[PDB]
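Undergrad: Can you keep this structure in mind? I'll have questions shortly.
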Amino acid sequence: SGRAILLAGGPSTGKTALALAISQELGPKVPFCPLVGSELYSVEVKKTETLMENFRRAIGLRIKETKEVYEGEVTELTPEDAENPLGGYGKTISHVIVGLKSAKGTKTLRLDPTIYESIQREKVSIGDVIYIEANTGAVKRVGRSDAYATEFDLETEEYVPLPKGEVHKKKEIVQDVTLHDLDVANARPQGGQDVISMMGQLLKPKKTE
Amino acid sequence: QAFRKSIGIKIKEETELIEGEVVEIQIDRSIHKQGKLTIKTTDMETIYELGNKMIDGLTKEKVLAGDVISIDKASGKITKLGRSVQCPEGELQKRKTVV
Amino acid sequence: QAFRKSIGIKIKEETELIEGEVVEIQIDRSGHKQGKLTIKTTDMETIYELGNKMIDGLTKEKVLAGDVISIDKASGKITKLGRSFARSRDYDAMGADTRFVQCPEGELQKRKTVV
Amino acid sequence: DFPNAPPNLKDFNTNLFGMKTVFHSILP
Amino acid sequence: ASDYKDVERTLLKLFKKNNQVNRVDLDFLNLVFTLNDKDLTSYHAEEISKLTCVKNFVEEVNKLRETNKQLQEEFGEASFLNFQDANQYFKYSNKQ
Amino acid sequence: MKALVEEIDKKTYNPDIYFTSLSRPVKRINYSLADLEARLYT
Amino acid sequence: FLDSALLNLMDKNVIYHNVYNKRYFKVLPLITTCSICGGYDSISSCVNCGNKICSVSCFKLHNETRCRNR
Ligand SMILES: [Mg+2]
Ligand SMILES: [Zn+2]
Ligand SMILES: [Zn+2]
């Protein structure tokens, strides 16, 4: 770490040629941040901060994560209440049962009431292709199945095909992320659905020290 | 930014849009919602049966009759046009790409 | 700012907490409501009587049986630590909020100071 | 009250100042 | 600026297809932690960290695994051939 | 673009119903005595 | 044979009817096609009887030969 070399020579000798040759030889799995000296003079933060930011960009990290997702077309949705009215508070909504269909068969799932709340938020009806992540409990509405494409002869619906493979597919995901990416994520997180969050989202992403 | 502004990229998007002259529209309450519209063109006059979101969009637009309307099947955007000077020129649903 | 970064302050905070797995909750409501609550640990079990504000906090936290919760007797704030392992089988997919933790050991009421 | 009538005494003092189970839970 | 909304939608739709598929949830792996200060408590965090239930999962997994080992010893040579006996199919289904 | 102010008639307006409409050209009428008899019967 | 009294009520009803489906009626989705040529890219219902058409040529054919209200 911290080794430095200088490509010294006259104009039109091959300094940039050697730099790009090094980049090509290293391969696409090794970070390579090109720069020019003039770009360091920012107007939002000190040039020292911009040098630090760019300097960290060239430290890549390869992190792998296995994720389990439930995806398919909804066939049934039968919310159930607790066996006793005294069991819970208010609505006293218990687990929900959802039926998903894929190219390889069907599966009946038992879901938490939080997952049911996510379903209600995403406005999912019978026949819609959905996508549930057991990692976080996040529900995504892919769209309507191509089977029901011609149900109505004029309707604004994003018809999507039936998911391939099994309903419950487990995949190992590998991504390369820079240290600066983590720094940005901590500095300017994208989470939050409050009005304050939206107002901050509309703001320009000015660099900060 | 100056260097990048002078490099253009052309991307083609194929959209399904119906362009037609207009004929009477029935919207009904729950019996979620039942509705029918008819469109006239130069050589057809035929009824479409709407769904929930199309009914909602046409109620929001409050489209009148005897005028001219353009509806996109994919995007769902509805573009109003003046009364028929102009007239539909062929098939009710056309397949034209916009660049 | 650099100068103050080079000086550190070591501050001590004293915390009094009760943590344990709630066994049974019984609430009666007409007038104000009254109820009794039982919390157990790995080596203790006790029945407590709940005031109106404590019941209100319990309801607003939506606590159920088998949950490990922490209450600060100074303020009465109720925090749901997590769920027991025995309830893990009940679902195929789990929400982000759910957590599986063991039952705390020792005495129900504990005093702890943190620096 | 509007027809110049007094209110209830307990209600009067309460306004001047201002059984069955409903929820039972147990782990099976 | 209204005339550019269709182009914006098109570009966002084009980029979302690649963006969503091959990304790793940095928030899920606790790589993002600036929101944690808002809804978590220090002593609560240390107690929850102390009371983790990994032993319970490992113990139940081992009790299942020893039951499965006994069942596999009872069954013998397991195979995925087409089933012609109710017992064989039932045992294979239980194994899977 | 969009009309922020609309005028309505309390008799005709409701969210339930939205409706709008415009060799002699005339609508055909069916002299089917069988079909009319069916209609009156049903 | 079917009218013959030798074929009993239970026998007849079992043999013809019981082999017919009684609970499932459609479990595949429903597919509507052009009444002239089976197309599905676009569909609309003719003003005269409500059968479904897809194109101008199919509309002319429905009007001349097909339409059942005339
Ligand atoms: Mg040079
Ligand atoms: Zn056709
Ligand atoms: Zn017809």
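Each chain in the structure tokens gets a letter, A, B and so on, in the order shown; residues start at 1 in every chain, and ligands are counted from 1 in the order they appear.
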At a cut-off of 7 Å and counting only C-alpha atoms and all ligand atoms, what residues surround ligand 2? Please answer as a list in words.

TA: residues 34, 35, 36, 37, 38, 39, 53, 54, 55 and 58 of chain G

Undergrad: If you count only C-alpha atoms and all ligand atoms, which residues end up within 10 Å of ligand 1, as a list in words?

TA: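 Residues satisfying the distance criterion: residues 9, 10, 11, 12, 13, 14, 15, 16 and 17 of chain A.
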
Undergrad: Could you tell me, counting only C-alpha atoms and all ligand atoms, which protein and nucleic acid residues lie no more than 9 Å from ligand 3, written as a PyMOL selection string?

TA: chain G and resi 45-53+59+62-63+66-70

Undergrad: Based on the selection just made, write C-alpha atoms of those residues as a CSV table (one decimal), in the first residue's frame.

TA:
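Wrote selection-v1.csv, looks like this:
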chain,number,residue,atom,x,y,z
G,45,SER,CA,-66.4,-5.3,-30.1
G,46,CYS,CA,-68.6,-4.5,-33.1
G,47,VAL,CA,-71.4,-2.0,-32.5
G,48,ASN,CA,-74.0,-4.3,-34.1
G,49,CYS,CA,-73.8,-7.5,-32.0
G,50,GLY,CA,-70.7,-7.2,-29.9
G,51,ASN,CA,-68.6,-10.0,-31.5
G,52,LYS,CA,-64.9,-9.2,-31.5
G,53,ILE,CA,-62.8,-8.0,-34.4
G,59,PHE,CA,-64.5,-5.5,-39.9
G,62,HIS,CA,-67.9,-9.1,-40.4
G,63,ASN,CA,-70.3,-6.5,-41.9
G,66,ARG,CA,-70.7,-12.4,-40.7
G,67,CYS,CA,-72.7,-10.1,-38.5
G,68,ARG,CA,-75.7,-12.0,-36.9
G,69,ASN,CA,-78.0,-9.1,-36.3
G,70,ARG,CA,-79.1,-8.9,-39.9

Undergrad: Between A:108, A:201, A:150, A:66, which one has atoms that come closest to residue G:32, using only C-alpha atoms?

TA: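 Smallest distance to residue G:32 is found for A:150.
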
Undergrad: Name the residues of chain F that come out as alpha helix (DSSP H) in a backbone DSSP run; write them as a PyMOL selection string.

TA: chain F and resi 33-41

Undergrad: Would you save the residues from that selection as a compact mmCIF listing (two decimals), in the first residue's frame, using C-alpha atoms?

TA:
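Now in selection-v6.txt:
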# COMPACT_ATOMS: atom_id res chain seq x y z
CA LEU F 33 -92.56 -10.95 -34.14
CA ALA F 34 -90.88 -13.99 -32.57
CA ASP F 35 -88.25 -11.86 -30.83
CA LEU F 36 -90.81 -9.29 -29.68
CA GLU F 37 -93.04 -12.08 -28.36
CA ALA F 38 -90.02 -13.45 -26.48
CA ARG F 39 -89.30 -9.99 -25.05
CA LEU F 40 -92.86 -9.53 -23.79
CA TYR F 41 -92.89 -13.10 -22.43

Undergrad: May I ask which of the residues B:31, B:44, B:99, B:92 is the closest one to chain E, counting only C-alpha atoms?

TA: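 So, comparing all the options, the nearest one is B:99.
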
Undergrad: Pull out every residue of chain F that has at least one atom within 10 Å of chain B, counting only C-alpha atoms, and report them as number ranges by chain.

TA: F: 1-3, 14-22

Undergrad: Please report the interatomic distance between atom CA of residue C:20 and atom CA of residue C:64 in Å with one decimal.

TA: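 Those two atoms sit 12.7 Å apart.
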
Undergrad: Specify as a list in words all residues of chain B found within 7 Å of chain G, counting only C-alpha atoms.

TA: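 Here is what falls inside 7 Å: residues 43, 44, 46, 47, 48 and 91 of chain B.
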
Undergrad: Write out, as a PDB file, in the first residue's frame, the residues just selected, with N, CA, C and O atoms.

TA:
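The result, stored in out_7.pdb:
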ATOM      1  N   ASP B  43     -62.528   4.121 -41.382  1.00  0.00           N
ATOM      2  CA  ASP B  43     -63.121   2.895 -41.897  1.00  0.00           C
ATOM      3  C   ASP B  43     -63.548   1.910 -40.813  1.00  0.00           C
ATOM      4  O   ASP B  43     -63.862   0.759 -41.142  1.00  0.00           O
ATOM      5  N   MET B  44     -63.590   2.313 -39.543  1.00  0.00           N
ATOM      6  CA  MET B  44     -64.086   1.439 -38.489  1.00  0.00           C
ATOM      7  C   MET B  44     -64.794   2.255 -37.418  1.00  0.00           C
ATOM      8  O   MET B  44     -64.548   3.452 -37.249  1.00  0.00           O
ATOM      9  N   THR B  46     -66.041   0.948 -33.499  1.00  0.00           N
ATOM     10  CA  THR B  46     -66.015  -0.276 -32.710  1.00  0.00           C
ATOM     11  C   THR B  46     -65.852   0.061 -31.237  1.00  0.00           C
ATOM     12  O   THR B  46     -65.289   1.099 -30.877  1.00  0.00           O
ATOM     13  N   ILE B  47     -66.344  -0.839 -30.390  1.00  0.00           N
ATOM     14  CA  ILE B  47     -66.478  -0.597 -28.960  1.00  0.00           C
ATOM     15  C   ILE B  47     -65.305  -1.247 -28.244  1.00  0.00           C
ATOM     16  O   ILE B  47     -64.969  -2.408 -28.511  1.00  0.00           O
ATOM     17  N   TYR B  48     -64.681  -0.501 -27.340  1.00  0.00           N
ATOM     18  CA  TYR B  48     -63.730  -1.047 -26.384  1.00  0.00           C
ATOM     19  C   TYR B  48     -64.359  -1.087 -24.999  1.00  0.00           C
ATOM     20  O   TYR B  48     -65.086  -0.168 -24.611  1.00  0.00           O
ATOM     21  N   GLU B  91     -56.252   2.636 -39.539  1.00  0.00           N
ATOM     22  CA  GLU B  91     -56.556   1.673 -38.491  1.00  0.00           C
ATOM     23  C   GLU B  91     -56.638   2.347 -37.125  1.00  0.00           C
ATOM     24  O   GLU B  91     -55.993   3.366 -36.865  1.00  0.00           O
TER      25      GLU B  91
END

Undergrad: Using DSSP on the backbone coordinates, identify all residues within chain D classified as strand (DSSP E); present the result as a list in words.

TA: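 Strand (DSSP E) members of chain D, listed: residues 21, 22, 23, 24, 25 and 26 of chain D.
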
Undergrad: Output the selection as a PDB file, in the first residue's frame - N, CA, C and O atoms for each residue.

TA:
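Final file, result_29.pdb:
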ATOM      1  N   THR D  21     -62.794  -8.965  30.716  1.00  0.00           N
ATOM      2  CA  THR D  21     -61.533  -8.985  29.992  1.00  0.00           C
ATOM      3  C   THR D  21     -61.718  -8.478  28.566  1.00  0.00           C
ATOM      4  O   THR D  21     -62.768  -8.664  27.945  1.00  0.00           O
ATOM      5  N   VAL D  22     -60.677  -7.831  28.048  1.00  0.00           N
ATOM      6  CA  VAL D  22     -60.686  -7.337  26.678  1.00  0.00           C
ATOM      7  C   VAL D  22     -59.545  -7.896  25.841  1.00  0.00           C
ATOM      8  O   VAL D  22     -59.640  -7.877  24.603  1.00  0.00           O
ATOM      9  N   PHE D  23     -58.477  -8.398  26.456  1.00  0.00           N
ATOM     10  CA  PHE D  23     -57.335  -8.923  25.715  1.00  0.00           C
ATOM     11  C   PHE D  23     -56.561  -9.847  26.639  1.00  0.00           C
ATOM     12  O   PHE D  23     -56.052  -9.402  27.672  1.00  0.00           O
ATOM     13  N   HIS D  24     -56.472 -11.123  26.275  1.00  0.00           N
ATOM     14  CA  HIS D  24     -55.695 -12.093  27.033  1.00  0.00           C
ATOM     15  C   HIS D  24     -54.805 -12.860  26.070  1.00  0.00           C
ATOM     16  O   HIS D  24     -55.271 -13.320  25.022  1.00  0.00           O
ATOM     17  N   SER D  25     -53.530 -12.999  26.423  1.00  0.00           N
ATOM     18  CA  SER D  25     -52.573 -13.693  25.577  1.00  0.00           C
ATOM     19  C   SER D  25     -51.725 -14.627  26.425  1.00  0.00           C
ATOM     20  O   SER D  25     -51.382 -14.304  27.565  1.00  0.00           O
ATOM     21  N   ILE D  26     -51.391 -15.784  25.861  1.00  0.00           N
ATOM     22  CA  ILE D  26     -50.550 -16.767  26.536  1.00  0.00           C
ATOM     23  C   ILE D  26     -49.851 -17.606  25.475  1.00  0.00           C
ATOM     24  O   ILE D  26     -50.436 -17.938  24.440  1.00  0.00           O
TER      25      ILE D  26
END

Undergrad: With the cut-off set at 12 Å and counting only C-alpha atoms, tabulate each residue of chain E with an atom at most that distance from an atom of chain B, showing the nearest atom pair and its distance in Å to one decimal, ordered by chain and increasing number, as a Markdown table.

TA:
| residue | atom | partner | partner_atom | distance |
| --- | --- | --- | --- | --- |
| E:5 | CA | B:77 | CA | 11.4 |
| E:6 | CA | B:75 | CA | 9.1 |
| E:7 | CA | B:13 | CA | 9.6 |
| E:9 | CA | B:75 | CA | 9.7 |
| E:10 | CA | B:13 | CA | 7.8 |
| E:11 | CA | B:11 | CA | 9.2 |
| E:13 | CA | B:13 | CA | 11.1 |
| E:14 | CA | B:11 | CA | 10.0 |

Undergrad: Could you state the separation of atom CA of residue C:53 and atom CA of residue C:31 in Å, given to one decimal place?

TA: 13.9 Å

Undergrad: Any idea what the distance is between atom CA of residue C:91 and atom CA of residue A:111?

TA: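 Value for the atom CA of residue C:91-atom CA of residue A:111 distance: 5.6 Å.
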
Undergrad: Do you know which residues are at most 10 Å from residue A:164 counting only C-alpha atoms, after dropping those on the same chain fewer than 2 positions away, and could you put them as a ChimeraX atom specification?

TA: /A:71-72,101-104,161-162,166-167,169

Undergrad: For chain C, list the residues within 12 Å of chain E, counting only C-alpha atoms, and write the list as a ChimeraX atom specification.

TA: /C:13-20,68-72,77-89,96-97,99-105,111-115

Undergrad: Would you list the contacts of residue A:1 as JSON, numbers by chain, taking every protein, DNA or RNA residue within 12 Å and counting only C-alpha atoms, but skipping same-chain residues closer than 2 positions in sequence?

TA: {"A": [3, 4, 55, 56, 58, 59]}

Undergrad: May I have the selected residues written with N, CA, C and O atoms, as a PDB file, in the first residue's frame?

TA:
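Output below, filename selection_28.pdb:
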ATOM      1  N   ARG A   3       2.651   2.610  -2.412  1.00  0.00           N
ATOM      2  CA  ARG A   3       3.745   2.706  -3.367  1.00  0.00           C
ATOM      3  C   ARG A   3       3.395   3.675  -4.490  1.00  0.00           C
ATOM      4  O   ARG A   3       2.254   3.721  -4.957  1.00  0.00           O
ATOM      5  N   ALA A   4       4.379   4.465  -4.914  1.00  0.00           N
ATOM      6  CA  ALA A   4       4.168   5.489  -5.927  1.00  0.00           C
ATOM      7  C   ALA A   4       5.271   5.422  -6.971  1.00  0.00           C
ATOM      8  O   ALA A   4       6.449   5.272  -6.634  1.00  0.00           O
ATOM      9  N   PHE A  55      -8.744   9.091  -4.252  1.00  0.00           N
ATOM     10  CA  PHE A  55      -7.721   8.162  -3.791  1.00  0.00           C
ATOM     11  C   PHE A  55      -8.332   6.887  -3.223  1.00  0.00           C
ATOM     12  O   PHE A  55      -7.804   5.789  -3.436  1.00  0.00           O
ATOM     13  N   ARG A  56      -9.447   7.011  -2.499  1.00  0.00           N
ATOM     14  CA  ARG A  56     -10.139   5.832  -1.986  1.00  0.00           C
ATOM     15  C   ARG A  56     -10.901   5.071  -3.064  1.00  0.00           C
ATOM     16  O   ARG A  56     -11.102   3.859  -2.927  1.00  0.00           O
ATOM     17  N   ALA A  58      -9.996   3.911  -5.681  1.00  0.00           N
ATOM     18  CA  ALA A  58      -9.163   2.870  -6.261  1.00  0.00           C
ATOM     19  C   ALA A  58      -8.855   1.744  -5.279  1.00  0.00           C
ATOM     20  O   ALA A  58      -7.847   1.051  -5.444  1.00  0.00           O
ATOM     21  N   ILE A  59      -9.679   1.561  -4.255  1.00  0.00           N
ATOM     22  CA  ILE A  59      -9.576   0.415  -3.352  1.00  0.00           C
ATOM     23  C   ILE A  59     -10.887  -0.356  -3.470  1.00  0.00           C
ATOM     24  O   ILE A  59     -11.864  -0.072  -2.770  1.00  0.00           O
TER      25      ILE A  59
END

Undergrad: Specify as a list in words all residues of chain A found within 9 Å of chain C, counting only C-alpha atoms.

TA: residues 70, 87, 88, 89, 95, 109, 110, 111, 112, 113, 114, 115, 132, 133, 134, 135, 136, 137 and 138 of chain A

Undergrad: Could those residues be written to a file, using C-alpha atoms, as a JSON list (two decimals), in the first residue's frame?

TA:
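Saved as out.json:
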[["chain", "number", "residue", "atom", "x", "y", "z"],
["A", 70, "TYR", "CA", -40.25, -15.61, -3.58],
["A", 87, "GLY", "CA", -55.46, -12.84, 21.06],
["A", 88, "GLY", "CA", -54.53, -9.49, 19.53],
["A", 89, "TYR", "CA", -55.26, -5.76, 19.28],
["A", 95, "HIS", "CA", -50.91, -14.72, 8.96],
["A", 109, "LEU", "CA", -46.83, -19.66, 1.42],
["A", 110, "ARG", "CA", -47.58, -18.56, 4.99],
["A", 111, "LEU", "CA", -46.63, -14.93, 5.54],
["A", 112, "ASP", "CA", -46.23, -12.53, 8.44],
["A", 113, "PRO", "CA", -48.78, -9.73, 8.92],
["A", 114, "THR", "CA", -45.96, -7.31, 8.08],
["A", 115, "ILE", "CA", -45.63, -8.98, 4.68],
["A", 132, "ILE", "CA", -40.90, -11.21, -2.10],
["A", 133, "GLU", "CA", -37.44, -11.03, -0.52],
["A", 134, "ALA", "CA", -37.17, -13.15, 2.63],
["A", 135, "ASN", "CA", -33.91, -11.34, 3.40],
["A", 136, "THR", "CA", -35.70, -8.09, 4.29],
["A", 137, "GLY", "CA", -39.43, -8.70, 3.86],
["A", 138, "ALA", "CA", -39.68, -6.34, 0.87]]

Undergrad: Near residue C:51, within 7 Å and counting only C-alpha atoms, which residues show up once chain neighbours fewer than 3 positions away are dropped, as a PyMOL selection string?

TA: chain C and resi 34+54-55

Undergrad: For the residues selected in the previous step, produce a file with N, CA and C atoms as a JSON list (two decimals), in the first residue's frame.

TA:
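File part03.json, as written:
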[["chain", "number", "residue", "atom", "x", "y", "z"],
["C", 34, "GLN", "N", -57.56, -1.95, 34.19],
["C", 34, "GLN", "CA", -56.61, -2.59, 35.08],
["C", 34, "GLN", "C", -56.23, -3.94, 34.50],
["C", 54, "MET", "N", -48.72, 2.47, 31.62],
["C", 54, "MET", "CA", -47.98, 1.28, 31.20],
["C", 54, "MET", "C", -48.79, 0.46, 30.21],
["C", 55, "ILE", "N", -50.10, 0.32, 30.46],
["C", 55, "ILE", "CA", -50.96, -0.40, 29.53],
["C", 55, "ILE", "C", -51.03, 0.33, 28.19]]

Undergrad: Would you mind listing, for every residue of chain A within 7 Å of chain B, the two atoms forming the shortest contact and the distance between them in Å to one decimal, using only C-alpha atoms, sorted by chain and ascending residue number, as a tab-separated table?

TA:
residue	atom	partner	partner_atom	distance
A:152	CA	B:51	CA	6.4
A:153	CA	B:48	CA	6.0
A:154	CA	B:50	CA	5.3
A:155	CA	B:54	CA	5.3
A:156	CA	B:76	CA	5.3
A:158	CA	B:74	CA	6.8
